[PDB]
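Visitor: Fold the stuff below for me.
(chains A and B)
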Protein chains: 2
Amino acid sequence: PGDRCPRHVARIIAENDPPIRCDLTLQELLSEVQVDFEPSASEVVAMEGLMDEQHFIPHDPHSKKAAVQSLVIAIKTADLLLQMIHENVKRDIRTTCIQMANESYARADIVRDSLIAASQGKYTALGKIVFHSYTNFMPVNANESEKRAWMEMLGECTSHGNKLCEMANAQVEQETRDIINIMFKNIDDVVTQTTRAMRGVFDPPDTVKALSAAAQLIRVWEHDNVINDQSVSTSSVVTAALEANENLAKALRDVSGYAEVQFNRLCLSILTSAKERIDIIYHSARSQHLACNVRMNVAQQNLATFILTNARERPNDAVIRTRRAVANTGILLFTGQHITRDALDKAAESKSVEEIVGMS
Amino acid sequence: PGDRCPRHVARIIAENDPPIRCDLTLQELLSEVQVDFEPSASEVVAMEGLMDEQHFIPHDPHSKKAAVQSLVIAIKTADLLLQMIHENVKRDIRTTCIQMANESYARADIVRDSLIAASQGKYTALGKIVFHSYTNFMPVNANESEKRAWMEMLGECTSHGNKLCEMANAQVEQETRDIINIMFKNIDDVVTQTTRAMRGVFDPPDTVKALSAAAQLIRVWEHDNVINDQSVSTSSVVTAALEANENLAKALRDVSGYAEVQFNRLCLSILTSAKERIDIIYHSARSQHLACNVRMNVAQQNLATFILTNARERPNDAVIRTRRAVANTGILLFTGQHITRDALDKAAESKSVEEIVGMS
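Guide: Numbers count the residues shown, from 1 in each chain, chains lettered A, B, ... in the order given. Pasting the structure now:
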């Protein structure tokens, strides 16, 4: 279908074990012949006719037989409704949870595309900073053909610095992907936890007292007392079997009522907080991406002030100090650490690993 | 103080590294003599007097000296304000985060006491179920002195079943504690993540163009041009040094404005979602506790129907089947699994491990 759930998430949604039905089975209540009953059309109308207001004969074995059959039908119907109630509870949860899943993965892609949009953009902050304030670092003498050579030496430092921006774009791409993978993994966990939570809290009222009483009257009347054949008050048996069916109807309406009213309150309180924290998953991923970009912005400024200061103070060693600073601090960039100017200063003191081995 | 933070959480709040100041230092801008300036009272009034509307002499070396000193003071003041702005940003975050921490641990104890309240309550569901419907499982004969022996055999089964309730209380206590430890650990992580997030997003405007220009005029005037001693337009130097100070004031107000207005918007959006998901931590812990209690309620009902069915069908083997069912399924209880009646049925078939070795 249009399902976006991963492999293991659809497994957790597919399972139907957590909501467990603890009601008495038919085999504990009725005989195998009574389970395989399926009454004829006339037998049904005879049962339905007991609810009609009437005066009963002191010995009406036809109506007394319908009173026994009414209990068998009432129990069989009660069991079917209970299964349907449970099967209806499972079905609603899957529909609720799959809908929240697909709704959440949809917005996740919107966030994913939005994060890659800003991460593909190249870092120009270092170039802009030097370009706007390079004049305030030129020497005081400012001879005609002396400033042109200072600008050429500056360009060697700036080109060496843009290699750090190139490293920064490589890192922010890798981090953005790691951010996205955390986001989806989190959404997966929310959907998993939500489905199990709704099932885990389903605690319907028990139906033992209603079922056990109905199966006992059947056991008493059918073979021990043989009430239908002996002279016994028919109005007593009809009144007994009628209140027994209503006790079953009360129990089922009490159970279905819990599923419709009280249990539904729980599932909404779950779904709300589930929906709430998915919204947080989005906002969290966005601020993580922002915080990463801020770390790169910090490094460019520190490099910019490192370049401009060394360009004025040590214009002879500037290009070499810039190269050594960028190479010896780039490892800090890929390890996700910050790049302080103290680190840039102390790094320019040492030779790069590339020039030591001679790889370059 | 009244701090409830754990050991490692107060460490994360105490650190002040993540907000990094990248502004130009005084040593890159001024001479060591200019840093150690501390002007006399008359020198200050001379500087402040340049802003007064007046017509300047074509060569006023007294006012021109104050113009140079005004830049030195303007830079020194700018650096102090920038440090204070950062130190003010760190201070507000700690106050904001410690407050949210203590506010959250307070409600956590309220939840902790509330969960232990319901977990200390003993499980009586199995006893209640049998007590209300035991009559509907007595045999049909119902001889005078035959039902009294059936009740005694039932009591042996019920007492054996209350050992499972005793195991259930042991588990729900252990799980409730595990729930509480997860809750506090989660609150710890939220507080940690919140503090670092606010620091990680602080990205103030740079002050390079404003500082570099002011230090350059000082370098030009002081020793290269010697403007104060040579006949040079005084109104030109005052107008130059006045616009330089205002460029510094604009930059500081632009930086402080970001901290007060734009960065504060970020920290509130963080704090809100931080506060939001802590509320979820509470509601999550409560539903986990509920879902545990539901699993125990399921086991009691399955045992209750297992006891009542075996009491009517197999009253001779009931007590032994009950004992074997409870012992062979109790391991499922402590492993956190559900106790289906199918499991209770299949477990009563095998002897208990205790009766095999003879430990009992």
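Visitor: and the host helix or strand of residue A:306 with helix B:263-313, angle?
Guide: Using DSSP states H and E, residue A:306 sits in helix A:263-313. With axes from the mean of the first three to the mean of the last three CA atoms, to 10 degrees as the basis, helix A:263-313 and helix B:263-313 are set at 150 degrees to each other.
Visitor: quick one: is helix A:263-313 near chain B?
Guide: Yes. Contact between helix A:263-313 and chain B, assessed by CB under 8 Å from any CB of the partner chain, occurs at A:266, A:269-270, A:273, A:276-277, A:280, A:283-284, A:287, A:290-291, A:293-295, A:297-298, A:301-302, A:304-305, A:308-309. In this view, the C-beta of every residue, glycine as well, is placed from N, C-alpha and C.
Visitor: Quick one: residues contacting the nearest residue to residue A:68 once chain neighbours are set aside.
Guide: Nearest residue to residue A:68, sequence neighbours excluded (CB to CB, 6 or more residues apart in numbering or on different chains): residue A:221, at 5.7 Å. Listed by CB atoms under 8 Å, 6 or more residues apart in numbering or on different chains, the contact set of residue A:221 reads A:68, A:227-228, A:237.
Visitor: Same check on residue A:172?
Guide: A:119, A:292-293, A:296.
Visitor: And it, how far from chain B?
Guide: Noted for residue A:172: a distance of 14 Å to chain B, by CB to the nearest CB, to the nearest Å.
Visitor: can you count the residues close to residue A:105?
Guide: 20 (other CB atoms under 10 Å in any protein chain shown).
Visitor: if I look at it, how far off is chain B?
Guide: 20 Å.
Visitor: Repeat that for residue A:90.
Guide: Counting by CB to the nearest CB - residue A:90 and chain B are separated by 15 Å.
Visitor: which non-adjacent residue is nearest that residue?
Guide: That would be residue A:16: by CB to CB, 6+ apart, it lies 5.0 Å from residue A:90.
Visitor: just the contacts of residue A:172 now: which is nearest residue A:95?
Guide: Residue A:95 lies nearest to residue A:119 out of the contacts of residue A:172, by CB to CB, at 36.4 Å.
Visitor: wait, what's in contact with that closest one?
Guide: So residue A:119 contacts A:169, A:172-173, A:176, A:289 (CB under 8 Å, 6+ apart).
Visitor: ok, now with 6 Å
Guide: A:172-173, A:176 (CB atoms under 6 Å, 6 or more residues apart in numbering or on different chains).
Visitor: Over to residue A:166?
Guide: Here residue A:166 is in contact with no residue (CB under 6 Å, 6+ apart).
Visitor: tell me the SS of the residue of the stretch 1-150 of chain A found nearest chain B?
Guide: Closest contact between the stretch 1-150 of chain A and chain B, by CB to the nearest CB, is at residue A:136 (3.6 Å). At residue A:136, secondary structure determined by DSSP: H, G, I helix; E, B strand; the rest coil is helix.
Visitor: Output stretch A:262-272 as PDB, nothing but the C-alphas.
Guide: Coordinates of each C-alpha in stretch A:262-272 appear next as PDB, following Å, rounded to 0.1, in the frame of the first residue of the first chain:
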ATOM      1  CA  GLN A 262     -12.800   4.700  29.100                       C
ATOM      2  CA  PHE A 263     -10.100   2.800  27.100                       C
ATOM      3  CA  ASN A 264     -10.500   5.300  24.200                       C
ATOM      4  CA  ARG A 265      -9.700   8.100  26.700                       C
ATOM      5  CA  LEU A 266      -6.400   6.300  27.400                       C
ATOM      6  CA  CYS A 267      -5.500   5.700  23.800                       C
ATOM      7  CA  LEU A 268      -6.100   9.400  23.000                       C
ATOM      8  CA  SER A 269      -3.900  10.500  26.000                       C
ATOM      9  CA  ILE A 270      -1.200   8.200  24.600                       C
ATOM     10  CA  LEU A 271      -1.700   9.300  21.000                       C
ATOM     11  CA  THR A 272      -1.500  13.000  22.100                       C
END
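Visitor: Contacts for it, please.
Guide: Under CB under 6 Å, 6+ apart, the answer for stretch A:262-272 is A:197-198, A:201-202.
Visitor: filter these by proximity to chain B?
Guide: A:197, A:201 (CB under 6 Å from any CB of the partner chain).
Visitor: Buried only: go through the contacts of stretch A:262-272 for me.
Guide: By the neighbour-count criterion of 16 or more other CB atoms under 10 Å in any protein chain shown, those include these buried positions: A:197-198, A:201-202.
Visitor: on that earlier part again, closest one of the contacts of residue A:221 to chain B?
Guide: residue A:227 (12.5 Å).
Visitor: which ones are touching residue A:105?
Guide: residue A:4.
Visitor: Please repeat the previous calculation with a cut-off of 7 Å.
Guide: Contact analysis of residue A:105 by CB atoms under 7 Å, 6 or more residues apart in numbering or on different chains lists A:4, A:187.
Visitor: So what does it look like in phi/psi?
Guide: Main-chain torsions, residue A:105, degrees, to the nearest 10: phi -70, psi -30.
Visitor: roughly how far apart are it and residue A:112?
Guide: 10 Å (CB to CB, to the nearest Å).
Visitor: Between the two, which contacts overlap?
Guide: The overlap between the contact sets of residue A:105 and residue A:112 (CB under 7 Å, 6+ apart) is empty.
Visitor: picking that back up, from the residues of helix A:263-313 next to chain B, keep the buried residues only.
Guide: So, by 16+ other CB under 10 Å, the buried ones in those are A:266, A:270, A:273, A:276-277, A:280, A:283-284, A:287, A:290-291, A:293-295, A:297-298, A:301-302, A:304-305, A:308-309.
Visitor: ranges for the helices of chain A?
Guide: All helices of chain A, identified by DSSP state H, fall at A:7-14, A:32-35, A:41-48, A:61-120, A:125-133, A:147-200, A:208-219, A:234-257, A:263-313, A:318-334, A:341-348, A:353-357.
Visitor: Nearest to residue B:74, out of those helices?
Guide: helix A:125-133 (17.0 Å).
Visitor: Kindly export that closest one (C-alpha atoms) in PDB.
Guide: Output in PDB follows, covering the C-alpha atoms of helix A:125-133 (Å, rounded to 0.1, in the frame of the first residue of the first chain):
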ATOM      1  CA  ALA A 125      31.900  33.300   6.000                       C
ATOM      2  CA  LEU A 126      35.700  33.300   6.200                       C
ATOM      3  CA  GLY A 127      36.000  34.900   2.700                       C
ATOM      4  CA  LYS A 128      33.400  37.600   3.600                       C
ATOM      5  CA  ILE A 129      35.100  38.500   6.900                       C
ATOM      6  CA  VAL A 130      38.500  39.100   5.300                       C
ATOM      7  CA  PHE A 131      37.100  40.900   2.300                       C
ATOM      8  CA  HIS A 132      35.300  43.500   4.400                       C
ATOM      9  CA  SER A 133      38.100  44.400   6.800                       C
END
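Visitor: Could you pull out the buried residues of that helix?
Guide: A:125-127, A:129-130, A:133.
Visitor: Could you list which of these also contact chain B?
Guide: Within the set of the buried residues of helix A:125-133, contact with chain B (CB under 7 Å from any CB of the partner chain) is found for A:129, A:133.
Visitor: of all the buried residues of helix A:125-133, which comes closest to residue B:332?
Guide: residue A:125 (61.0 Å).
Visitor: and the closest one, what does it touch?
Guide: Counted by CB under 7 Å, 6+ apart, residue A:125 has contacts A:297, A:300.
Visitor: now residue A:219
Guide: residue B:140.
Visitor: how near is it to residue A:75?
Guide: For residue A:219, the distance to residue A:75 equals 12 Å [CB to CB].
Visitor: Also residue A:347?
Guide: In terms of CB to CB, residue A:347 sits 84 Å off from residue A:75.
Visitor: Give me the more crowded residue out of these two.
Guide: Using other CB under 10 Å as the criterion, residue A:347 and residue A:75 rank with residue A:75 on top: 25 against 21.
Visitor: Verify the stated contact: the more buried one with residue A:30.
Guide: Yes. Between residue A:75 and residue A:30 there is a contact under CB atoms under 7 Å: 6.1 Å.
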